[PDB]
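Reproduced below: upload04.txt, with compact mmCIF, N, CA and C atoms and all ligand atoms.
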```
# COMPACT_ATOMS: atom_id res chain seq x y z
N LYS I 1 76.97 106.52 52.69
CA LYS I 1 76.91 108.02 52.79
C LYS I 1 77.74 108.47 53.99
N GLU I 2 78.88 109.12 53.72
CA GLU I 2 79.88 109.33 54.74
C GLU I 2 79.55 110.57 55.57
N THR I 3 79.72 110.49 56.89
CA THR I 3 79.57 111.68 57.71
C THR I 3 80.78 112.60 57.51
N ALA I 4 80.61 113.86 57.87
CA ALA I 4 81.71 114.78 57.66
C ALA I 4 82.92 114.39 58.49
N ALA I 5 82.71 114.00 59.73
CA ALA I 5 83.84 113.61 60.56
C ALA I 5 84.55 112.39 60.02
N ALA I 6 83.80 111.41 59.50
CA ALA I 6 84.43 110.24 58.93
C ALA I 6 85.20 110.57 57.68
N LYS I 7 84.69 111.47 56.85
CA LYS I 7 85.40 111.87 55.64
C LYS I 7 86.72 112.55 56.00
N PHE I 8 86.71 113.35 57.07
CA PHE I 8 87.96 113.96 57.50
C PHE I 8 88.96 112.90 57.92
N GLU I 9 88.52 111.89 58.67
CA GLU I 9 89.42 110.82 59.10
C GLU I 9 90.00 110.09 57.91
N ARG I 10 89.15 109.72 56.96
CA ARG I 10 89.63 108.99 55.80
C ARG I 10 90.60 109.83 54.98
N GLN I 11 90.30 111.11 54.77
CA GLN I 11 91.15 111.91 53.88
C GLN I 11 92.43 112.35 54.56
N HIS I 12 92.44 112.50 55.87
CA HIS I 12 93.56 113.23 56.46
C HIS I 12 94.30 112.53 57.59
N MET I 13 93.84 111.42 58.11
CA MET I 13 94.51 110.79 59.24
C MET I 13 95.41 109.64 58.78
N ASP I 14 96.67 109.70 59.17
CA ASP I 14 97.55 108.54 59.00
C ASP I 14 98.44 108.44 60.21
N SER I 15 97.89 107.84 61.28
CA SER I 15 98.59 107.65 62.53
C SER I 15 99.54 106.46 62.51
N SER I 16 99.52 105.65 61.46
CA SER I 16 100.26 104.40 61.43
C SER I 16 101.73 104.62 61.13
N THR I 17 102.10 105.81 60.68
CA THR I 17 103.47 106.15 60.38
C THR I 17 103.78 107.49 61.02
N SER I 18 105.04 107.68 61.43
CA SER I 18 105.43 108.93 62.05
C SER I 18 105.69 110.02 61.01
N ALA I 19 106.00 109.63 59.78
CA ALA I 19 106.38 110.59 58.75
C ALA I 19 106.45 109.83 57.44
N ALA I 20 106.32 110.56 56.33
CA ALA I 20 106.53 109.99 55.01
C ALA I 20 108.02 109.83 54.81
N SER I 21 108.44 108.60 54.53
CA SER I 21 109.85 108.27 54.36
C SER I 21 110.20 107.94 52.91
N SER I 22 109.32 108.25 51.96
CA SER I 22 109.53 107.84 50.58
C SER I 22 108.81 108.79 49.63
N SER I 23 109.37 108.95 48.43
CA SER I 23 108.74 109.79 47.42
C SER I 23 107.42 109.20 46.92
N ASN I 24 107.16 107.91 47.15
CA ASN I 24 105.93 107.31 46.67
C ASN I 24 104.82 107.27 47.70
N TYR I 25 105.01 107.86 48.89
CA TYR I 25 104.00 107.80 49.95
C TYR I 25 102.67 108.34 49.44
N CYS I 26 102.69 109.51 48.78
CA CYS I 26 101.41 110.11 48.38
C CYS I 26 100.75 109.28 47.30
N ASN I 27 101.49 108.78 46.33
CA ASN I 27 100.84 107.94 45.33
C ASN I 27 100.11 106.78 45.98
N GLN I 28 100.74 106.15 46.95
CA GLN I 28 100.15 104.96 47.59
C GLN I 28 98.95 105.34 48.45
N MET I 29 99.08 106.40 49.24
CA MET I 29 98.03 106.76 50.18
C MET I 29 96.83 107.41 49.52
N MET I 30 97.04 108.19 48.47
CA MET I 30 95.92 108.78 47.77
C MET I 30 95.07 107.70 47.14
N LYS I 31 95.70 106.63 46.66
CA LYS I 31 94.96 105.52 46.10
C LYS I 31 94.27 104.70 47.18
N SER I 32 94.97 104.40 48.27
CA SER I 32 94.39 103.49 49.24
C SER I 32 93.24 104.10 50.02
N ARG I 33 93.24 105.42 50.20
CA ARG I 33 92.11 106.11 50.83
C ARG I 33 91.04 106.51 49.82
N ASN I 34 91.14 106.03 48.59
CA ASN I 34 90.11 106.18 47.59
C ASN I 34 89.94 107.64 47.19
N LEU I 35 91.06 108.36 47.15
CA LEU I 35 91.02 109.75 46.72
C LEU I 35 91.37 109.91 45.26
N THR I 36 91.56 108.82 44.54
CA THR I 36 91.82 108.89 43.11
C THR I 36 90.79 108.11 42.31
N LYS I 37 89.62 107.85 42.90
CA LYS I 37 88.50 107.25 42.17
C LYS I 37 87.75 108.34 41.41
N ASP I 38 87.60 108.14 40.10
CA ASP I 38 86.88 109.09 39.26
C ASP I 38 87.64 110.38 39.02
N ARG I 39 88.48 110.82 39.96
CA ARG I 39 89.28 111.99 39.61
C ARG I 39 90.50 111.95 40.50
N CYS I 40 91.58 112.62 40.05
CA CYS I 40 92.71 112.85 40.94
C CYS I 40 92.41 114.03 41.86
N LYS I 41 92.29 113.80 43.15
CA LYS I 41 92.14 114.94 44.06
C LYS I 41 93.41 115.77 43.99
N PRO I 42 93.32 117.07 43.73
CA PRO I 42 94.57 117.78 43.38
C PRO I 42 95.51 117.97 44.57
N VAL I 43 95.00 118.20 45.79
CA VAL I 43 95.81 118.51 46.95
C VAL I 43 95.20 117.82 48.15
N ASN I 44 96.04 117.22 49.01
CA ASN I 44 95.53 116.60 50.22
C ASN I 44 96.62 116.48 51.23
N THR I 45 96.33 116.77 52.48
CA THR I 45 97.30 116.65 53.56
C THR I 45 96.98 115.51 54.50
N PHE I 46 97.98 114.71 54.84
CA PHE I 46 97.85 113.66 55.83
C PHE I 46 98.57 114.07 57.10
N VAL I 47 97.95 113.79 58.24
CA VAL I 47 98.51 114.14 59.56
C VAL I 47 98.95 112.87 60.27
N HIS I 48 100.18 112.85 60.75
CA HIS I 48 100.77 111.67 61.40
C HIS I 48 100.83 111.86 62.90
N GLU I 49 99.69 112.06 63.47
CA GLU I 49 99.50 112.13 64.91
C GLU I 49 98.32 111.26 65.25
N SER I 50 98.15 111.01 66.54
CA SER I 50 96.98 110.23 66.97
C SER I 50 95.70 110.98 66.65
N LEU I 51 94.61 110.22 66.44
CA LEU I 51 93.33 110.87 66.25
C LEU I 51 92.96 111.75 67.44
N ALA I 52 93.20 111.26 68.64
CA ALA I 52 92.94 112.09 69.81
C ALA I 52 93.66 113.43 69.78
N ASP I 53 94.92 113.44 69.40
CA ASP I 53 95.64 114.69 69.38
C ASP I 53 95.08 115.63 68.32
N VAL I 54 94.60 115.10 67.19
CA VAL I 54 94.03 115.97 66.17
C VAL I 54 92.65 116.48 66.61
N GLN I 55 91.81 115.61 67.20
CA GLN I 55 90.54 116.07 67.74
C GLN I 55 90.73 117.15 68.78
N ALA I 56 91.80 117.09 69.57
CA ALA I 56 92.02 118.08 70.61
C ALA I 56 92.26 119.46 70.07
N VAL I 57 92.60 119.57 68.79
CA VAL I 57 92.86 120.88 68.23
C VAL I 57 91.59 121.71 68.26
N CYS I 58 90.41 121.06 68.25
CA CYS I 58 89.15 121.80 68.32
C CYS I 58 88.94 122.52 69.64
N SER I 59 89.81 122.33 70.63
CA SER I 59 89.80 123.11 71.86
C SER I 59 91.01 124.03 72.01
N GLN I 60 91.76 124.26 70.95
CA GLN I 60 92.97 125.08 70.95
C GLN I 60 92.68 126.47 70.38
N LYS I 61 93.56 127.03 69.56
CA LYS I 61 93.46 128.45 69.25
C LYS I 61 92.41 128.71 68.18
N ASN I 62 91.38 129.49 68.51
CA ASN I 62 90.31 129.78 67.56
C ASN I 62 90.76 130.89 66.62
N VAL I 63 90.75 130.61 65.31
CA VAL I 63 91.17 131.52 64.26
C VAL I 63 90.16 131.48 63.13
N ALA I 64 90.24 132.48 62.26
CA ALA I 64 89.45 132.44 61.04
C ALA I 64 89.94 131.36 60.08
N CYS I 65 88.98 130.74 59.43
CA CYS I 65 89.25 129.95 58.24
C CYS I 65 89.47 130.84 57.02
N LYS I 66 90.08 130.27 55.99
CA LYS I 66 90.34 131.04 54.78
C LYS I 66 89.06 131.57 54.16
N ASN I 67 87.95 130.89 54.37
CA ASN I 67 86.69 131.33 53.77
C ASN I 67 85.93 132.34 54.61
N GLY I 68 86.49 132.76 55.72
CA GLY I 68 85.88 133.75 56.57
C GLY I 68 85.08 133.19 57.73
N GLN I 69 84.85 131.88 57.78
CA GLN I 69 84.14 131.31 58.91
C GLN I 69 85.05 131.32 60.14
N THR I 70 84.43 131.22 61.32
CA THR I 70 85.15 131.41 62.58
C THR I 70 85.19 130.15 63.42
N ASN I 71 84.97 128.98 62.80
CA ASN I 71 85.05 127.70 63.51
C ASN I 71 86.33 126.96 63.18
N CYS I 72 87.41 127.69 62.91
CA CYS I 72 88.70 127.06 62.70
C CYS I 72 89.57 127.21 63.93
N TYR I 73 90.47 126.25 64.06
CA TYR I 73 91.36 126.15 65.22
C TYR I 73 92.75 125.78 64.76
N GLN I 74 93.75 126.45 65.33
CA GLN I 74 95.14 126.23 64.99
C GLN I 74 95.79 125.47 66.14
N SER I 75 96.46 124.39 65.81
CA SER I 75 97.13 123.63 66.86
C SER I 75 98.19 124.47 67.54
N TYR I 76 98.30 124.30 68.85
CA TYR I 76 99.34 125.01 69.60
C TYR I 76 100.71 124.51 69.23
N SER I 77 100.86 123.22 68.99
CA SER I 77 102.16 122.66 68.65
C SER I 77 102.19 122.29 67.18
N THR I 78 103.40 122.12 66.67
CA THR I 78 103.55 121.58 65.34
C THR I 78 103.26 120.09 65.36
N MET I 79 102.88 119.57 64.19
CA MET I 79 102.52 118.18 64.01
C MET I 79 103.21 117.67 62.76
N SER I 80 103.44 116.37 62.70
CA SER I 80 104.00 115.75 61.50
C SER I 80 102.94 115.63 60.44
N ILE I 81 103.18 116.25 59.28
CA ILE I 81 102.22 116.20 58.18
C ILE I 81 102.92 115.84 56.89
N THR I 82 102.14 115.35 55.93
CA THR I 82 102.61 115.17 54.59
C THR I 82 101.65 115.84 53.65
N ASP I 83 102.13 116.77 52.85
CA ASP I 83 101.36 117.39 51.78
C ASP I 83 101.49 116.54 50.53
N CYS I 84 100.37 116.24 49.88
CA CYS I 84 100.33 115.53 48.59
C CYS I 84 99.73 116.46 47.56
N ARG I 85 100.45 116.70 46.46
CA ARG I 85 99.99 117.58 45.41
C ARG I 85 100.24 116.94 44.07
N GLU I 86 99.26 117.02 43.20
CA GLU I 86 99.42 116.48 41.86
C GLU I 86 100.57 117.18 41.16
N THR I 87 101.38 116.44 40.42
CA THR I 87 102.43 117.02 39.60
C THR I 87 101.85 117.48 38.27
N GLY I 88 102.69 118.17 37.49
CA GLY I 88 102.25 118.67 36.20
C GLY I 88 101.93 117.55 35.24
N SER I 89 102.61 116.42 35.39
CA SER I 89 102.41 115.27 34.52
C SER I 89 101.40 114.28 35.09
N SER I 90 100.54 114.70 36.01
CA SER I 90 99.47 113.83 36.51
C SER I 90 98.23 113.99 35.63
N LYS I 91 97.61 112.87 35.28
CA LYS I 91 96.41 112.89 34.45
C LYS I 91 95.57 111.65 34.74
N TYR I 92 94.34 111.87 35.19
CA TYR I 92 93.47 110.75 35.53
C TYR I 92 93.38 109.81 34.33
N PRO I 93 93.43 108.49 34.53
CA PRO I 93 93.44 107.73 35.79
C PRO I 93 94.82 107.47 36.39
N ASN I 94 95.89 107.99 35.78
CA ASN I 94 97.23 107.76 36.30
C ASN I 94 97.67 108.97 37.11
N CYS I 95 97.08 109.08 38.29
CA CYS I 95 97.36 110.22 39.14
C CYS I 95 98.80 110.10 39.65
N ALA I 96 99.47 111.23 39.78
CA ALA I 96 100.85 111.25 40.24
C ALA I 96 100.99 112.42 41.21
N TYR I 97 101.61 112.16 42.34
CA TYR I 97 101.70 113.16 43.40
C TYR I 97 103.13 113.41 43.81
N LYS I 98 103.40 114.65 44.18
CA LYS I 98 104.60 115.03 44.93
C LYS I 98 104.32 114.90 46.43
N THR I 99 105.25 114.31 47.14
CA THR I 99 105.22 114.12 48.59
C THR I 99 106.11 115.12 49.28
N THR I 100 105.55 115.96 50.16
CA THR I 100 106.35 116.89 50.95
C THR I 100 106.04 116.70 52.43
N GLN I 101 107.02 116.18 53.15
CA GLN I 101 106.92 115.98 54.59
C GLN I 101 107.37 117.22 55.34
N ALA I 102 106.64 117.57 56.39
CA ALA I 102 106.96 118.76 57.14
C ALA I 102 106.41 118.66 58.54
N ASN I 103 106.87 119.56 59.41
CA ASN I 103 106.34 119.65 60.76
C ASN I 103 105.78 121.04 60.89
N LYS I 104 104.47 121.15 60.99
CA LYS I 104 103.83 122.44 60.99
C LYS I 104 102.61 122.44 61.86
N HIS I 105 102.13 123.64 62.17
CA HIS I 105 100.87 123.74 62.87
C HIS I 105 99.78 123.40 61.87
N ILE I 106 98.72 122.78 62.35
CA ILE I 106 97.57 122.52 61.50
C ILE I 106 96.41 123.44 61.86
N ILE I 107 95.58 123.76 60.85
CA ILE I 107 94.36 124.52 61.06
C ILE I 107 93.21 123.69 60.56
N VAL I 108 92.25 123.41 61.42
CA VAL I 108 91.10 122.61 61.05
C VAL I 108 89.83 123.34 61.42
N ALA I 109 88.76 123.04 60.69
CA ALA I 109 87.40 123.49 61.04
C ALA I 109 86.70 122.40 61.80
N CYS I 110 86.02 122.78 62.85
CA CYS I 110 85.36 121.84 63.74
C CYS I 110 83.87 122.09 63.75
N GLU I 111 83.10 121.01 63.92
CA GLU I 111 81.64 121.09 63.95
C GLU I 111 81.12 119.90 64.73
N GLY I 112 79.93 120.06 65.28
CA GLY I 112 79.12 118.94 65.72
C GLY I 112 79.20 118.66 67.20
N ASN I 113 78.52 117.57 67.58
CA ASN I 113 78.57 117.02 68.93
C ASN I 113 78.78 115.51 68.84
N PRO I 114 79.97 114.98 69.18
CA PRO I 114 81.13 115.73 69.67
C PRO I 114 81.69 116.71 68.63
N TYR I 115 82.38 117.71 69.14
CA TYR I 115 82.98 118.76 68.32
C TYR I 115 84.32 118.29 67.81
N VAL I 116 84.37 117.98 66.52
CA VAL I 116 85.51 117.27 65.94
C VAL I 116 85.85 117.90 64.62
N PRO I 117 87.03 117.63 64.10
CA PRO I 117 87.42 118.21 62.83
C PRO I 117 86.63 117.67 61.64
N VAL I 118 86.23 118.59 60.75
CA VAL I 118 85.48 118.20 59.56
C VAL I 118 86.12 118.72 58.29
N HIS I 119 87.09 119.62 58.41
CA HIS I 119 87.73 120.20 57.23
C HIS I 119 89.16 120.54 57.59
N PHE I 120 90.08 120.30 56.64
CA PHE I 120 91.47 120.69 56.82
C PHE I 120 91.68 122.00 56.08
N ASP I 121 91.98 123.07 56.81
CA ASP I 121 92.06 124.38 56.16
C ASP I 121 93.45 124.70 55.62
N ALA I 122 94.47 124.48 56.43
CA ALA I 122 95.82 124.90 56.07
C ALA I 122 96.78 124.34 57.08
N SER I 123 98.07 124.48 56.78
CA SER I 123 99.09 124.24 57.78
C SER I 123 99.97 125.49 57.78
N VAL I 124 100.58 125.76 58.91
CA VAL I 124 101.48 126.87 59.09
C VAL I 124 102.72 126.39 59.83
CL CL N 201 86.20 104.84 50.99
CL CL N 202 94.08 119.15 52.46
CL CL N 203 92.49 133.85 71.93
NA NA N 204 80.09 114.44 61.29
```

Could you write out this file's structure as C-alpha cells?
Amino acid sequence: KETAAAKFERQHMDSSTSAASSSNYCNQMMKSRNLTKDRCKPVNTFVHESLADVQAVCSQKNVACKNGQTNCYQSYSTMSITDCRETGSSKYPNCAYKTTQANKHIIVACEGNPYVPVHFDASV
C-alpha cells in the first residue's frame, strides 16, 4: 500500500538521466515504473532533477492548483522534464507513448510532514 509521497517518486522522478534522448524513452519508463499494468496511464511527466531539488519546490512559489486547492508550488527555475502521452494508436495491453522533452517550470502539490510533493499538477 503505497504512500502518496512514494507514489509521486515512482511516477515522476527520473534522476538517472539528464533528459530523454530517444523516442522510446516513454514506452520504456512507463512500463518499468509499472504505469501500464492493467491500464495505459494516459499522461505522465518525468522530472530529471535530483529528488532534493524537486522536494525543495514545496518551499518556492505558492500558487493555485488546477482544481482550486492552494497547496501547489511552482518551481522558481526551469527543470528538465519529459512528457509521456498515449498516442492515438495506443491500446492496452500494447501501450504506446509520445515522448516530449522540455525544460519548464514544474507545479506540484505538497502535503505532509515532511512537506513533500504528492501530485504533479502541470508544467509551464
Ligand atoms: Cl510498483
Ligand atoms: Cl503527470
Ligand atoms: Cl508570493
Ligand atoms: Na505521503

Residues within 6.5 Å of ligand NA 204 (chain N) (all atoms listed in the file), as a tab-separated table (two decimals) with N, CA and C atoms, in the coordinates of the input?
```
chain	number	residue	atom	x	y	z
I	3	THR	N	79.72	110.49	56.89
I	3	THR	CA	79.57	111.68	57.71
I	3	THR	C	80.78	112.60	57.51
I	4	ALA	N	80.61	113.86	57.87
I	4	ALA	CA	81.71	114.78	57.66
I	4	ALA	C	82.92	114.39	58.49
I	5	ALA	N	82.71	114.00	59.73
I	5	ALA	CA	83.84	113.61	60.56
I	5	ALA	C	84.55	112.39	60.02
I	6	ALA	N	83.80	111.41	59.50
I	6	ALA	CA	84.43	110.24	58.93
I	6	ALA	C	85.20	110.57	57.68
I	112	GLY	N	79.93	120.06	65.28
I	112	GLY	CA	79.12	118.94	65.72
I	112	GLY	C	79.20	118.66	67.20
```

Produce as a PDB file with N, CA and C atoms, in the coordinates of the input the set of residues near ligand CL 202 (chain N), where near means within 6.5 Å with all atoms listed in the file considered.
```
ATOM      1  N   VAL I  43      95.000 118.200  45.790  1.00  0.00           N
ATOM      2  CA  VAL I  43      95.810 118.510  46.950  1.00  0.00           C
ATOM      3  C   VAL I  43      95.200 117.820  48.150  1.00  0.00           C
ATOM      4  N   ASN I  44      96.040 117.220  49.010  1.00  0.00           N
ATOM      5  CA  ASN I  44      95.530 116.600  50.220  1.00  0.00           C
ATOM      6  C   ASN I  44      96.620 116.480  51.230  1.00  0.00           C
ATOM      7  N   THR I  45      96.330 116.770  52.480  1.00  0.00           N
ATOM      8  CA  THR I  45      97.300 116.650  53.560  1.00  0.00           C
ATOM      9  C   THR I  45      96.980 115.510  54.500  1.00  0.00           C
ATOM     10  N   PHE I  46      97.980 114.710  54.840  1.00  0.00           N
ATOM     11  CA  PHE I  46      97.850 113.660  55.830  1.00  0.00           C
ATOM     12  C   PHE I  46      98.570 114.070  57.100  1.00  0.00           C
ATOM     13  N   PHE I 120      90.080 120.300  56.640  1.00  0.00           N
ATOM     14  CA  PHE I 120      91.470 120.690  56.820  1.00  0.00           C
ATOM     15  C   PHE I 120      91.680 122.000  56.080  1.00  0.00           C
ATOM     16  N   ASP I 121      91.980 123.070  56.810  1.00  0.00           N
ATOM     17  CA  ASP I 121      92.060 124.380  56.160  1.00  0.00           C
ATOM     18  C   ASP I 121      93.450 124.700  55.620  1.00  0.00           C
TER      19      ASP I 121
END
```

So which residues touch residue I:78 within 7 Å, counting all atoms listed in the file, skipping near sequence neighbours fewer than 3 positions away, as a ChimeraX atom specification? /I:75,103-106

Exercise answer, 9 Å around ligand CL 201 (chain N) with only C-alpha atoms and all ligand atoms, as a short mmCIF file (atom, residue, chain, number, x, y, z; two decimals) with N, CA and C atoms, keeping the file's coordinate frame:
```cif
data_model
loop_
_atom_site.label_atom_id
_atom_site.label_comp_id
_atom_site.auth_asym_id
_atom_site.auth_seq_id
_atom_site.Cartn_x
_atom_site.Cartn_y
_atom_site.Cartn_z
N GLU I 2 78.88 109.12 53.72
CA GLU I 2 79.88 109.33 54.74
C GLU I 2 79.55 110.57 55.57
N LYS I 7 84.69 111.47 56.85
CA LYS I 7 85.40 111.87 55.64
C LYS I 7 86.72 112.55 56.00
N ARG I 10 89.15 109.72 56.96
CA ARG I 10 89.63 108.99 55.80
C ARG I 10 90.60 109.83 54.98
N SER I 32 94.97 104.40 48.27
CA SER I 32 94.39 103.49 49.24
C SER I 32 93.24 104.10 50.02
N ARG I 33 93.24 105.42 50.20
CA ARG I 33 92.11 106.11 50.83
C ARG I 33 91.04 106.51 49.82
N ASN I 34 91.14 106.03 48.59
CA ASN I 34 90.11 106.18 47.59
C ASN I 34 89.94 107.64 47.19
N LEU I 35 91.06 108.36 47.15
CA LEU I 35 91.02 109.75 46.72
C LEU I 35 91.37 109.91 45.26
#
```

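Ranking I:70, I:60, I:101, I:113 by their shortest atom-to-atom distance to ligand CL 203 (chain N), with only C-alpha atoms and all ligand atoms included, puts I:60 first.
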
In Å to one decimal, how far is atom N of residue I:8 from atom N of residue I:97? 21.0 Å

What does the distance from atom CA of residue I:42 to atom CA of residue I:86 come to in Å, to one decimal?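 According to the coordinates, atom CA of residue I:42 and atom CA of residue I:86 are separated by 5.2 Å.
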
Nearest-residue call for ligand CL 203 (chain N), choices I:1, I:66, I:48, I:61, using all atoms listed in the file: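 When distances to ligand CL 203 (chain N) are compared using all atoms listed in the file, the smallest one comes from I:61.
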
Between atom C of residue I:91 and atom C of residue I:79, measure the distance and give it in Å to one decimal.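 Going from atom C of residue I:91 over to atom C of residue I:79 covers 29.7 Å.
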
How big is the axis-aligned box around all listed atoms of stretch 67-86 of chain I once 5 Å goes on each side, and where's its centre, in Å to one decimal, as JSON?
```
{"center_x": 94.1, "center_y": 124.5, "center_z": 55.4, "size_x": 29.9, "size_y": 28.6, "size_z": 38.4}
```

Mind checking which residues fall within 6.5 Å of residue I:47, counting all atoms listed in the file, ignoring those fewer than 3 positions away in the same chain, and posting them as a JSON list (two decimals) with N, CA and C atoms, keeping the file's coordinate frame?
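around_35.json was written with the following content:
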```json
[["chain", "number", "residue", "atom", "x", "y", "z"],
["I", 12, "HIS", "N", 92.44, 112.50, 55.87],
["I", 12, "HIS", "CA", 93.56, 113.23, 56.46],
["I", 12, "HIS", "C", 94.30, 112.53, 57.59],
["I", 13, "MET", "N", 93.84, 111.42, 58.11],
["I", 13, "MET", "CA", 94.51, 110.79, 59.24],
["I", 13, "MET", "C", 95.41, 109.64, 58.78],
["I", 14, "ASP", "N", 96.67, 109.70, 59.17],
["I", 14, "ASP", "CA", 97.55, 108.54, 59.00],
["I", 14, "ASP", "C", 98.44, 108.44, 60.21],
["I", 15, "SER", "N", 97.89, 107.84, 61.28],
["I", 15, "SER", "CA", 98.59, 107.65, 62.53],
["I", 15, "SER", "C", 99.54, 106.46, 62.51],
["I", 80, "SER", "N", 103.44, 116.37, 62.70],
["I", 80, "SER", "CA", 104.00, 115.75, 61.50],
["I", 80, "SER", "C", 102.94, 115.63, 60.44],
["I", 81, "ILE", "N", 103.18, 116.25, 59.28],
["I", 81, "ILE", "CA", 102.22, 116.20, 58.18],
["I", 81, "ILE", "C", 102.92, 115.84, 56.89],
["I", 82, "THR", "N", 102.14, 115.35, 55.93],
["I", 82, "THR", "CA", 102.61, 115.17, 54.59],
["I", 82, "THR", "C", 101.65, 115.84, 53.65]]
```

Of the listed residues I:72, I:63, I:108, I:54, that which approaches ligand CL 203 (chain N) most closely, counting all atoms listed in the file: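 Among I:72, I:63, I:108, I:54, it is I:63 that comes nearest to ligand CL 203 (chain N).
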
When DSSP is applied to the backbone of this structure, which of chain I are assigned strand (DSSP E or B)? Write them out as a count of residues only. 44

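With all atoms listed in the file as the basis for measurement, I:62 is the residue among I:92, I:62, I:27, I:85 that approaches ligand CL 203 (chain N) most closely.
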
So that I can see what lies close to residue I:71, please list as a ChimeraX atom specification the residues with an atom at most 5 Å from it, counting only N, CA and C atoms and leaving out residues fewer than 2 positions away in the same chain. /I:69,73,109-110

Which one is closest to residue I:117: I:58, I:102, I:64, I:84? Count only C-alpha atoms.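 Closest to residue I:117, using only C-alpha atoms: I:58.
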
Pick out each residue of stretch 2-124 of chain I that DSSP on the backbone tags as helix (DSSP H, G or I); I need them as a list in words. residues 4, 5, 6, 7, 8, 9, 10, 11, 12, 25, 26, 27, 28, 29, 30, 31, 32, 51, 52, 53, 54, 55, 56, 57, 58 and 59 of chain I

Residue I:55 environment, 7 Å, all atoms listed in the file, sequence neighbours closer than 5 positions dropped, as a PDB file with N, CA and C atoms, keeping the file's coordinate frame:
```pdb
ATOM      1  N   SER I  50      98.150 111.010  66.540  1.00  0.00           N
ATOM      2  CA  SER I  50      96.980 110.230  66.970  1.00  0.00           C
ATOM      3  C   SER I  50      95.700 110.980  66.650  1.00  0.00           C
ATOM      4  N   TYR I 115      82.380 117.710  69.140  1.00  0.00           N
ATOM      5  CA  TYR I 115      82.980 118.760  68.320  1.00  0.00           C
ATOM      6  C   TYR I 115      84.320 118.290  67.810  1.00  0.00           C
ATOM      7  N   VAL I 116      84.370 117.980  66.520  1.00  0.00           N
ATOM      8  CA  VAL I 116      85.510 117.270  65.940  1.00  0.00           C
ATOM      9  C   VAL I 116      85.850 117.900  64.620  1.00  0.00           C
ATOM     10  N   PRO I 117      87.030 117.630  64.100  1.00  0.00           N
ATOM     11  CA  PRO I 117      87.420 118.210  62.830  1.00  0.00           C
ATOM     12  C   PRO I 117      86.630 117.670  61.640  1.00  0.00           C
TER      13      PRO I 117
END
```

For stretch 69-81 of chain I, supply N, CA, C and O atoms and format the output as a compact mmCIF listing (two decimals), keeping the file's coordinate frame.
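The resulting file, result24.txt, is reproduced below:
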```
# COMPACT_ATOMS: atom_id res chain seq x y z
N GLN I 69 84.85 131.88 57.78
CA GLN I 69 84.14 131.31 58.91
C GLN I 69 85.05 131.32 60.14
O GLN I 69 86.26 131.49 60.03
N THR I 70 84.43 131.22 61.32
CA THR I 70 85.15 131.41 62.58
C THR I 70 85.19 130.15 63.42
O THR I 70 85.38 130.22 64.64
N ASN I 71 84.97 128.98 62.80
CA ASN I 71 85.05 127.70 63.51
C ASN I 71 86.33 126.96 63.18
O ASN I 71 86.35 125.73 63.19
N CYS I 72 87.41 127.69 62.91
CA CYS I 72 88.70 127.06 62.70
C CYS I 72 89.57 127.21 63.93
O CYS I 72 89.38 128.11 64.75
N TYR I 73 90.47 126.25 64.06
CA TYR I 73 91.36 126.15 65.22
C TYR I 73 92.75 125.78 64.76
O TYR I 73 92.91 124.92 63.90
N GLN I 74 93.75 126.45 65.33
CA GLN I 74 95.14 126.23 64.99
C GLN I 74 95.79 125.47 66.14
O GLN I 74 95.63 125.84 67.31
N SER I 75 96.46 124.39 65.81
CA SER I 75 97.13 123.63 66.86
C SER I 75 98.19 124.47 67.54
O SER I 75 98.95 125.22 66.92
N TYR I 76 98.30 124.30 68.85
CA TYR I 76 99.34 125.01 69.60
C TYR I 76 100.71 124.51 69.23
O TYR I 76 101.67 125.28 69.22
N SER I 77 100.86 123.22 68.99
CA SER I 77 102.16 122.66 68.65
C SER I 77 102.19 122.29 67.18
O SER I 77 101.17 122.23 66.52
N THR I 78 103.40 122.12 66.67
CA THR I 78 103.55 121.58 65.34
C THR I 78 103.26 120.09 65.36
O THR I 78 103.33 119.43 66.40
N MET I 79 102.88 119.57 64.19
CA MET I 79 102.52 118.18 64.01
C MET I 79 103.21 117.67 62.76
O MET I 79 103.54 118.44 61.87
N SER I 80 103.44 116.37 62.70
CA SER I 80 104.00 115.75 61.50
C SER I 80 102.94 115.63 60.44
O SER I 80 101.88 115.04 60.69
N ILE I 81 103.18 116.25 59.28
CA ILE I 81 102.22 116.20 58.18
C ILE I 81 102.92 115.84 56.89
O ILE I 81 104.12 116.03 56.74
```
